[PDB]
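Trainee: Chain order of the listed sequences is B, 0, 4, M, 8, C and I. Per PDB author numbering, the very first residue in the first sequence carries number 3; after that it's consecutive. Per PDB author numbering, the very first residue in the second sequence carries number 5; after that it's consecutive. Per PDB author numbering, the very first residue in the third sequence carries number 4; after that it's consecutive. Per PDB author numbering, the very first residue in the fourth sequence carries number 2; after that it's consecutive. Per PDB author numbering, the very first residue in the fifth sequence carries number 8; after that it's consecutive. Per PDB author numbering, the very first residue in the sixth sequence carries number 2; after that it's consecutive. Per PDB author numbering, the very first residue in the seventh sequence carries number 1; after that it's consecutive. Structure incoming, see below.
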Amino acid sequence: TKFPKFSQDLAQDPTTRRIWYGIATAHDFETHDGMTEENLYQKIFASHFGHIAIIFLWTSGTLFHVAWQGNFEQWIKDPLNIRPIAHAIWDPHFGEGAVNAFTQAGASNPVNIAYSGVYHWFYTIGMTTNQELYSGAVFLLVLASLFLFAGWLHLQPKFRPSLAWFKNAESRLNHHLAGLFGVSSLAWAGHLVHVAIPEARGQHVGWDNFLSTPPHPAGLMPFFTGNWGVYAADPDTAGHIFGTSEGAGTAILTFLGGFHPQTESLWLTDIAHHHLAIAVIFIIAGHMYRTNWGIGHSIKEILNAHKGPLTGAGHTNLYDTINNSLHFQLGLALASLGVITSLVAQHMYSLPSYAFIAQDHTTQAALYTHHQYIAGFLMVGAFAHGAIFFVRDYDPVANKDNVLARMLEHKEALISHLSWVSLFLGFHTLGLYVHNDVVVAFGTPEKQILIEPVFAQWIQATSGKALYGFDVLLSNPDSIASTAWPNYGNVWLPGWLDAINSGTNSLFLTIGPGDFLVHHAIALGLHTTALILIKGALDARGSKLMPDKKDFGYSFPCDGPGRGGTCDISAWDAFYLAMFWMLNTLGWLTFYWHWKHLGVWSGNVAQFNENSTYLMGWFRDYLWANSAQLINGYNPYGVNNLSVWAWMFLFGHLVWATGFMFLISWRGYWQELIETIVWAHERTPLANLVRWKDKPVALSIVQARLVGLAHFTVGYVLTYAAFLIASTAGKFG
Amino acid sequence: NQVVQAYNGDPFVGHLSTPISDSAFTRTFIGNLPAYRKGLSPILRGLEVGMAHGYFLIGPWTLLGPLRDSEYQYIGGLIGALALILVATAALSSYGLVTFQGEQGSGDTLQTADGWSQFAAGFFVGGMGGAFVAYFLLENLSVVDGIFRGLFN
Amino acid sequence: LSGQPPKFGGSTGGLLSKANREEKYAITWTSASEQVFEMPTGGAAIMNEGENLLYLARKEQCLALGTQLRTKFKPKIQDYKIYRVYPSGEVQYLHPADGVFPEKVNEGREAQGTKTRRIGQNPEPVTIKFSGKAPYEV
Amino acid sequence: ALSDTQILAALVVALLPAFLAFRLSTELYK
Amino acid sequence: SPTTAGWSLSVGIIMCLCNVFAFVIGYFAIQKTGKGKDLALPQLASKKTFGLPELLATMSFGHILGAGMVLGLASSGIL
Amino acid sequence: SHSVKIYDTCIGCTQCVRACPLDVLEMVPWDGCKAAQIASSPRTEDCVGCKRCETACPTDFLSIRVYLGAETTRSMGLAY
Amino acid sequence: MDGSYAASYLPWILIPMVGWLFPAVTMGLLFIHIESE
Ligand code: CLA
Ligand code: CLA
Ligand code: CLA
Ligand SMILES: CC1=C(/C=C/C(C)=C/C=C/C(C)=C/C=C/C=C(C)/C=C/C=C(C)/C=C/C2=C(C)CCCC2(C)C)C(C)(C)CCC1
Ligand SMILES: CC1=C(/C=C/C(C)=C/C=C/C(C)=C/C=C/C=C(C)/C=C/C=C(C)/C=C/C2=C(C)CCCC2(C)C)C(C)(C)CCC1
Ligand SMILES: CC1=C(C/C=C(\C)CCC[C@H](C)CCC[C@H](C)CCCC(C)C)C(=O)c2ccccc2C1=O
Ligand code: SF4
Ligand code: SF4
Ligand SMILES: [Ca+2]
């Protein structure tokens with residue numbers, strides 16, 4: 003009656019549907035009552051400020067619990083031996099067995115071992131005492147306070163920006179490319195050369211000797227005179243020990259391009275030089291778009307001048323399409339962020355840049371799986387907001403004959419081709435897996451279809467991995483690429499070739515016939531998830547089953563049992579199905595990564611290389627073999643430290659099967675069941691006294707599709723996090 | 005952007021609408037204390053006021069009392085708190101006997117003789133109950149410590 | 004009790020619970036020019052064009068206001084009326100009780116409070132002993 | 002290690018983001 | 008006894024530069040630049056909108072800023 | 002309440018007005034078809050949203066549309 | 001649950017409050033709020 007104050011149509015139904023739909027609709031600011039575009043944008047802006055403060059309070063809490071309850075002082079003595087403590091366990095339910103089991107990593111209290119890798123990150127960026135982390139945590143509390151005050155300030159009518167301020171794409175691109183992506187990268191290169199590189203070489207550069215101690219014995223006058231070679235004078239020698247001065251070198255910017263031979267990570271000077279180059283390129287890229295002064299570009303001119311014969315209108319009227327639509331902007335942002343979160347995951351495991359994080363295996367597994375799951379979620383959200391844009395903000399009159407109109411003008415062709423490629427690739431990946439499985443089971447493993455993944459092996463050979471016998475570009479030192487004949491500027495190449503050809507690191511893993519089939523399974527998952535997502539994006543405006551879906555919106559339940567039956571026709575239901583396929587694909591690739599690295603870390607790579615080509619190899623050497631240490635986390639004899647992970651394993655199974663309840667059984671059964679329960683309550687003595695204000699109804703169709711999806715997701719993630727974190731910590735620390 | 009208006013739009017009443025006296029948080033919080041909450045019978049608001057003060061008055065004599073350095077540390081605090089709640093309820097009922105003798109309306113159910121008598125009764129029950137429950141937690145402090153830390157679980 | 008109130012920002016000096024339990028006093032004056040006066044409750048306010056209605060809690064505050072309306076303004080405001088309004092609702096009419104201010108002889112008033120003697124012929128308390136009276140009122 | 006009063010100092014500092022978050026969320030609710 | 012530098016071309020260079028920055032701050036900041044005593048060649052200063060007051064004010068602030076820069080940078084060492 | 006809209010493509014076949022359980026719909030005279038009648042939705046605050054009227058409509062695509070909206074007691078079919 | 005770290009009484013008081021007082025108070029206020037008017 004009062005709760006969903008943003009929508010009067012929800013403050014009228016006397017059911018529990020208004021509670022559920024108030025919680026769900028609360029952030030869809032476009033559908034609130036009394037909403038103009040200006041109030042939309044200002045409310046969005048202050049919501050962003052609140053969320054920035056959420057992020058800063060979260061990292062403040064991580065810092066404060068590493069500082070207060072963690073063994074950061076002890077861990078930076080020998081990071082290889084001591085496990086990093088995340089925070090302290092305090093619940094009154096623990097028996098004596100659990101308290102003695104969870105006392106670990108040199109503590110008195112029960113503690114949680116940190117698998118987020120924040121210890122390695124804080125140790126690499128130069129933080130070496132609990133007081134430094136406490137100062138960082140209080141500083142981030144103050145920064146979060148500042149952003150909360152900024153959000154409250156920009157809700158004040160004097161400081162509320164106009165619509166022309168929010169619709170200013172060129173100035174925002176200038177200040178984000180230059181001032182946010184370039185100045186922050188420059189400032190990080192400054193922290194690296196002033197604090198992280200010197201304290202990696204031994205000396206303390208705090209806030210007190212910050213100005214008194216130059217990073218280089220040469221001042222900034224060599225930087226101004228152009229003689230920049232002194233900053234790369236003597237690099238860190240290959241016998242350098244992190245945190246102390248043995249063969250330091252005193253070169254703040256070098257480009258060795260290999261790995262540190264002791265921390266197994268990249269050199270901090272190489273990181274600083276990288277961020278300096280990135281800052282220079284991003285700063286000059288932020289001077290591209292027109293602003294109050296005369297020079298620059300206007301994006302409308304750039305877009306509208308790209309008209310070809312094979313598209314016709316080209317990109318005409320795409321500036322107003324992107325600028326006026328917030329779901330287009332959110333789809334582009336989520337697509338790029340999902341791509342670069344995949345990129346973060348794929349590069350932080352093969353090119354680690356933190357001290358001793360390539361030798362702590364559980365945190366590397368947790369970080370990879372975490373960022374690949376975030377990347378899958380963000381990519382699915384990009385396509386979800388593509389569908390929401392096509393429903394809500396898409397104008398087929400202004401977007402006449404441009405690239406968007408021609409996306410929708412042939413959607414059947416590309417949906418049918420995604421159908422063909424996903425069917426083709428799925429038929430033959432399952433065919434090869436079932437063939438290998440059947441002929442291995444029939445006692446004849448020599449009959450397997452084992453395909454050498456020659457293309458990726460050739461890619462590795464082009465990057466310098468000389469194991470496979472190709473001598474093409476960098477594996478052939480006589481070639482034009484390896485010598486770089488005009489200048490011989492390959493300063494990175496000796497270090498890179500020394501790092502790619504060592505069998506220890508995860509940089510360019512050896513790829514065999516078991517990797518071919520899982521890459522094609524991953525391609526199948528990507529293609530089928532993309533098929534469902536674009537089949538919801540392009541059919542959001544209507545198919546022949548329902549030529550008007552733009553008027554029912556994004557997430558209507560169905561269209562009745564007529565027209566044959568119309569159960570999951572909304573674009574939201576294509577989100578739903580592609581959410582399942584995303585979870586499957588990320589399960590496939592994280593299963594593959596996990597088993598490949600359990601082979602690599604243990605040294606017994608033969609297990610993956612012969613047993614990953616058929617499905618019971620995946621089932622008995624990975625799922626069954628590696629859960630042995632998991633389910634024995636608590637047995638009738640006792641309890642060890644992998645007991646909360648066994649409990650989370652079972653917990654995730656339970657959440658998953660409850661998701662099955664919501665996805666399989668549908669609303670009619672539950673509505674008549676609740677009708678019987680309502681009769682029971684209204685007709686019993688002593689409980690007639692208590693009456694509902696909101697009449698109990700079953701969850702809606704789309705609501706319980708969402709709830710089953712949430713259960714499937716949460717149980718799926720909790721089960722796999724428990725398994726992946728207890729299987730590595732079962733056998734690696 | 006003025007934050008200090010007059011009270012309730014009346015510029016001649018002797019009150020300002022400052023951010024402490026007449027804010028939204030103050031209206032929703034002061035106006036939802038038991039002394040001001042809407043619809044409550046006087047017995048329940050007196051009971052809720054009473055427990056908040058019986059639980060309070062245990063502490064000052066328990067930690068700072070003539071018995072704070074003996075084995076009957078909590079019994080002296082409880083005895084002092086019962087003395088204070090007794091004289092508090094005697095004062096409350098005397099105030100009810102005095103103020104509400106001339107007949108008045110029923111715009112507020114608390115500002116009447118039956119309403120103030122119910123308030124005093126609820127205050128007595130709540131005050132002595134809160135005093136005894138704070139005594140019971142303080143006397144059995146080893147038990148509460150052990151169950152919050154997990155010495156018996 | 005017609006009249007828009009003065010543009011006053013509010014104050015803590017003013018009407019306590021005496022105003023809505025027993026009498027409070029209203030002063031009504033009419034001025035052509037908008038200007039600034041000192042409220043006896045403390046502060047400064049704005050005289051509206053035309054009629055004003057200021058609610059005060061004491062009669063002395065109303066007469067002090069009317070006094071400064073008379074003496075501190077060059078276009079002297081002398082058509083000010085002071086009422087005594089009750090929470091029950093009825094309005095009394097107090098300060099210009101007759102037509103003209105009390106300093107001027109209206110010639111239709113009654114001499115009450117006037118004794119027919121000077122203070123020297125006041126009776127003495129020994130004569131009126133245990134009479135329930137006091138030497139003035141005999 | 003870390004001090005006893007640094008934790009309480011962090012708590013009374015974080016009381017300021019609490020107040021500002023409460024006031025920002027209240028102002029968003031309008 | 009904080010460190011200091013006696014005098015050089017570097018001391019002369021930096022204080023002239025701080026005087027230039029004080030010229031910029033004075034021209035962008037002073038409300039009444041042209042008001043005051045009359046001035047010779049006012050087109051040279053800011054085109055007849057600058058006075059003998061703001062001559063001494065801006066470059067006096069330049070000397071204050073330059074004393075700050077000279078003493079601070081010589082105490083920190085790098086000058 | 003749900004809004005039931007009837008479009009120009011109605012052929013007056015009466016199928017929707019007798020497929021409706023709550024008899025929200027009714028036939029009114031019209032001059033745009035051979036049957037000289039079009040469905041109307043007068044008592045559309047009684048529509049539950051069952052879409053049996055859309056199921057019974059023969060014209061393609063649809064001459065009657067139900068647009069589910071603000072739920073009430075009448076439009077949710079609650080006996081309690 | 002002994003606490004070796006600084007201010008071990010602080011989790012002793014903050015686990016009941018975040019476990020009970022924050023949920024009971026938050027659900028009580030939200031129950032009054034979503035059902036008001
Ligand atoms: C130079 C000036 C400048 C700066 C610094 C910013 C900064 C910001 N703006 Mg602003 N803005 C500017 C001027 C500026 N703006 C101007 C002039 C306009 C008007 C035209 C706007 C209009 C505008 C609006 C309308 C919005 C923003 C928003 C924001 C925020 C977006 C960045 C963010 O939250 O993620 C931080 C992102 C980064 C630091 C970089 C991105 C990360 C890249 C991809 C590198 C990846 C990280 C790397 C791999 C390793 C990191 C890992 C390590 C942490 C462990 C941020 C606080 C939004 C916001 O939050 O509002 C509060 C918002 O809604 N701004
Ligand atoms: C012989 C008759 C008798 C007895 C047994 C009591 C018994 C009691 N009365 Mg009392 N009461 C009585 C007559 C009596 N009353 C009379 C005649 C009056 C009318 C003025 C009152 C008015 C009175 C008030 C207003 C209150 C009590 C309350 C109390 C209780 C404890 C406090 C007390 O008075 O100390 C024991 C007292 C005696 C043994 C002597 C009683 C005779 C005097 C006149 C009592 C006067 C009480 C005084 C005004 C305030 C209490 C003082 C106390 C706190 C020390 C107790 C049950 C209080 C209570 O807890 O109620 C919930 C309460 O609020 N009584
Ligand atoms: C996240 C918060 C959390 C916390 C801190 C607790 C903590 C506790 N649980 Mg609980 N539990 C929780 C969540 C939590 N649980 C959830 C979510 C579940 C559901 C799955 C359970 C299921 C569970 C069961 C089924 C049982 C426990 C029990 C226990 C208690 C074991 C010791 C005991 O006998 O306590 C005794 C009880 C208490 C300490 C409660 C506090 C009451 C006292 C009187 C303090 C109140 C003081 C005073 C009256 C009011 C003061 C007001 C204040 C403003 C000053 C322990 C205090 C056991 C138990 O004994 O429960 C009673 C047990 O049987 N829990
Ligand atoms: C917003 C929106 C949307 C969108 C979304 C999506 C669809 C996304 C996706 C997209 C994506 C996600 C994409 C991706 C991308 C890719 C790429 C971009 C690739 C390429 C790369 C490159 C080109 C590289 C190359 C290379 C190599 C490989 C080696 C070295 C050298 C070089 C560097 C050259 C839609 C339309 C729905 C609707 C509307 C709205
Ligand atoms: C929050 C807050 C606040 C407050 C503060 C405080 C700190 C409070 C206090 C509180 C308190 C102070 C509480 C208490 C509680 C109590 C209780 C909870 C009690 C209970 C009781 C009982 C348990 C009783 C019962 C009984 C018994 C046992 C027996 C006898 C009788 C009877 C039945 C009565 C303020 C104002 C600042 C504002 C802000 C926020
Ligand atoms: C179980 C079930 C119900 C019954 C569910 C009901 C009646 C409500 C379920 C919630 C109960 C009250 C338990 C809630 C406890 C959870 C922890 C939710 C907490 C509340 C949120 C705000 C987090 C449906 O109504 C339904 C409808 C359509 C398809 C499938 C189903 C379905 O599977
Ligand atoms: S079963 Fe449910 S979703 Fe499917 S058509 Fe019927 S009402 Fe719609
Ligand atoms: S069922 Fe369709 S065509 Fe037939 S009368 Fe109804 S609206 Fe017209
Ligand atoms: Ca004593």
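Ideal placement from N, C-alpha and C gives every residue a C-beta, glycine not left out.
For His363 (chain B), which residues of its own chain have a beta-carbon under 7 Å away from its beta-carbon, when the five flanking residues on both sides are left out?
Mentor: By one-based count along the first sequence, residue 363 (chain B) stands at place 361. Correct list, in chain order: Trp603, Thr730, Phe734.
Trainee: Consider the Cβ of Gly99 (chain B): report whether some Cβ of chain 0 lies at a distance smaller than 9 Å.
Mentor: Within the first sequence, the letter at position 97 stands for residue 99 (chain B). Answer no: the Cβ-Cβ gap between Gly99 (chain B) and chain 0 never drops below 9 Å.
Trainee: Which residues in chain 0 sit within 9 Å of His95 (chain B), going by Cβ to Cβ distance?
Mentor: Mapped onto the first sequence, residue 95 (chain B) falls at position 93. Ordered by position in chain 0, the residues that pass the 9 Å Cβ test against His95 (chain B) are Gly154, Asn157.
Trainee: If you measure from the beta carbon of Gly18 (chain 0) to each beta carbon in chain 4, is any gap under 9 Å?
Mentor: Taking the first residue of the second sequence as 1, we reach residue 18 (chain 0) at position 14. Taking Cβ atoms only, chain 4 reaches closer than 9 Å to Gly18 (chain 0), which makes this a yes.
Trainee: Can the beta-carbon of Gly131 (chain 0) be found less than 9 Å from the beta-carbon of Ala92 (chain 0)?
Mentor: Residue numbering aside, residue 131 (chain 0) sits at position 127 when the second sequence is read from its first letter. Residue numbering aside, residue 92 (chain 0) sits at position 88 when the second sequence is read from its first letter. It is a contact, given that the beta carbons lie within the stated cut-off.
Trainee: Measure the C-alpha to C-alpha separation of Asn55 (chain 4) and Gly109 (chain 0) and round it to an integer number of angstroms.
Mentor: Here residue 55 (chain 4) is taken as the residue at index 52 of the third sequence, counted from 1. Here residue 109 (chain 0) is taken as the residue at index 105 of the second sequence, counted from 1. Taking the straight line from one Cα to the other gives about 34 Å.
Trainee: Check the DSSP bridge columns for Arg66 (chain C) and list the partner residues they point to.
Mentor: Here residue 66 (chain C) is taken as the residue at index 65 of the sixth sequence, counted from 1. Partner(s): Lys6 (chain C).
Trainee: Is it right to say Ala55 (chain B) is buried, meaning 16 or more other beta carbons lie within 10 angstroms of its own, or is it exposed?
Mentor: Numbered from 1 along the first sequence, position 53 holds the residue referred to as residue 55 (chain B). So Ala55 (chain B) counts as buried.
Trainee: If you scan the segment 73-132 of chain B from start to end, which runs of the alpha helix (DSSP H) of 4 or more residues do you find wholly inside it?
Mentor: As far as the segment 73-132 of chain B is concerned, its whole alpha helix (DSSP H) runs of at least 4 residues are 74-77, 98-103, 120-126.
Trainee: Report back the beta-carbon spacing between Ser702 (chain B) and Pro559 (chain B) to the nearest angstrom; my notes put them in contact at under 8 Å.
Mentor: One-based indexing of the first sequence puts residue 702 (chain B) at position 700. One-based indexing of the first sequence puts residue 559 (chain B) at position 557. Right, their Cβ atoms sit about 7 Å apart.
Trainee: Mind listing, in chain order, the continuous alpha helix (DSSP H) runs of no fewer than 4 residues lying wholly within the segment 61-133 of chain 0?
Mentor: 77-103
Trainee: At least one CB of chain M closer than 9 Å to the CB of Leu10 (chain I): is that the case?
Mentor: For the purposes of this step, residue 10 (chain I) is identified with residue 10 of the seventh sequence, where counting begins at 1. It does: the Cβ of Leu10 (chain I) has a partner Cβ on chain M nearer than 9 Å.
Trainee: Would you mind giving the Cβ-Cβ distance between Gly128 (chain B) and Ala180 (chain B), rounded to the nearest angstrom? I have them listed as a contact below 8 Å.
Mentor: Translated into positions along the first sequence, residue 128 (chain B) becomes position 126. Translated into positions along the first sequence, residue 180 (chain B) becomes position 178. So it is not a contact: roughly 26 Å between Cβ atoms.
Trainee: Are the segment 126-141 of chain 0 and the segment 54-66 of chain 0 touching, with three or more C-beta to C-beta distances below 8 Å?
Mentor: yes
Trainee: What are the residues that DSSP puts in a beta bridge with residue 177 (chain 0)?
Mentor: Residue 177 (chain 0) is absent from the model: chain 0 starts at 5 and stops at 157.
Trainee: How is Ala60 (chain 4) classed by DSSP in three states: helix, strand or coil?
Mentor: Position 57 of the third sequence, counting from 1, holds the residue named residue 60 (chain 4). Here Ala60 (chain 4) sits in coil by DSSP.
Trainee: Say whether the segment 421-429 of chain B touches the segment 470-485 of chain B, bearing in mind that this needs 3 or more beta-carbon pairs closer than 8 Å, one atom from each stretch.
Mentor: no
Trainee: In chain order, what residues have a CB nearer than 5 Å to some heavy atom of ligand 8?
Mentor: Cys11 (chain C), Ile12 (chain C), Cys14 (chain C), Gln16 (chain C), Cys17 (chain C), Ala40 (chain C), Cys58 (chain C), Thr60 (chain C), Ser64 (chain C), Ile65 (chain C)
Trainee: Looking at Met409 (chain B) and ligand 4, is the gap between the Cβ and the nearest heavy atom below 8 Å?
Mentor: Residue numbering aside, residue 409 (chain B) sits at position 407 when the first sequence is read from its first letter. True, at least one ligand heavy atom lies under 8 Å from that Cβ.
Trainee: Evaluate contact between the segment 70-90 of chain B and the segment 100-110 of chain B, counting only Cβ atoms and requiring at least three cross-stretch pairs below 8 Å.
Mentor: yes
Trainee: Taking the Cβ atom as the reference point for each residue, do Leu533 (chain B) and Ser424 (chain B) lie within a distance shorter than 9 Å?
Mentor: For the purposes of this step, residue 533 (chain B) is identified with residue 531 of the first sequence, where counting begins at 1. For the purposes of this step, residue 424 (chain B) is identified with residue 422 of the first sequence, where counting begins at 1. Yes; because the gap between Cβ atoms is below 9 Å, this pair is in contact.
Trainee: Could you have a look at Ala40 (chain C) and say whether DSSP puts it in helix, strand or coil?
Mentor: Position 39 of the sixth sequence, counted from the start, is the residue given in the question as residue 40 (chain C). It is a strand residue.
Trainee: Who are the near neighbours of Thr265 (chain B) in its chain, counting only those whose CB is closer than 6 Å to its CB and skipping five residues on each side?
Mentor: Counted from its first residue, the first sequence places residue 265 (chain B) at position 263. Excluding positions up to five away in sequence, the list reads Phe244, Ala357, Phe358.
Trainee: Just checking: is the beta-carbon of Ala19 (chain M) within a distance shorter than 9 Å of some beta-carbon in chain I?
Mentor: Reading the fourth sequence from its first residue, position 18 is the one you call residue 19 (chain M). By this cut-off, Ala19 (chain M) is not an interface position.
Trainee: Which first and last residues belong to the alpha helix (DSSP H) in which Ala29 (chain 4) is found?
Mentor: For the purposes of this step, residue 29 (chain 4) is identified with residue 26 of the third sequence, where counting begins at 1. Per DSSP, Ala29 (chain 4) belongs to no alpha helix (DSSP H); it is in the beta strand (DSSP E), 27-34.
Trainee: Name the residue from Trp574 (chain B), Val646 (chain B), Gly527 (chain B) whose alpha carbon lies nearest to the alpha carbon of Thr592 (chain B).
Mentor: Your numbering for residue 592 (chain B) matches position 590 in the first sequence. When each option's Cα is compared against that of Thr592 (chain B), the closest is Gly527 (chain B).
Trainee: Cutting at 7 Å between CB atoms, please list the residues of its own chain near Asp561 (chain B), excluding the five before and the five after it.
Mentor: Indexing the first sequence from 1 puts residue 561 (chain B) at position 559. Excluding residues within five positions, the ones whose Cβ falls inside 7 Å are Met548, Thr568, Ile571.
Trainee: Looking at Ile20 (chain 8): is its Cβ nearer than 9 Å to the Cβ of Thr65 (chain 8)?
Mentor: Position 13 of the fifth sequence, counting from 1, holds the residue named residue 20 (chain 8). Position 58 of the fifth sequence, counting from 1, holds the residue named residue 65 (chain 8). Taking 9 Å as the Cβ cut-off, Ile20 (chain 8) and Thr65 (chain 8) do not qualify as a contacting pair.
Trainee: May I ask which residues mark the beginning and end of the beta strand (DSSP E) holding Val88 (chain 4)?
Mentor: If you number the third sequence from 1, residue 88 (chain 4) lands on position 85. It spans 84-88 - the beta strand (DSSP E) in which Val88 (chain 4) sits, taken as one unbroken run.
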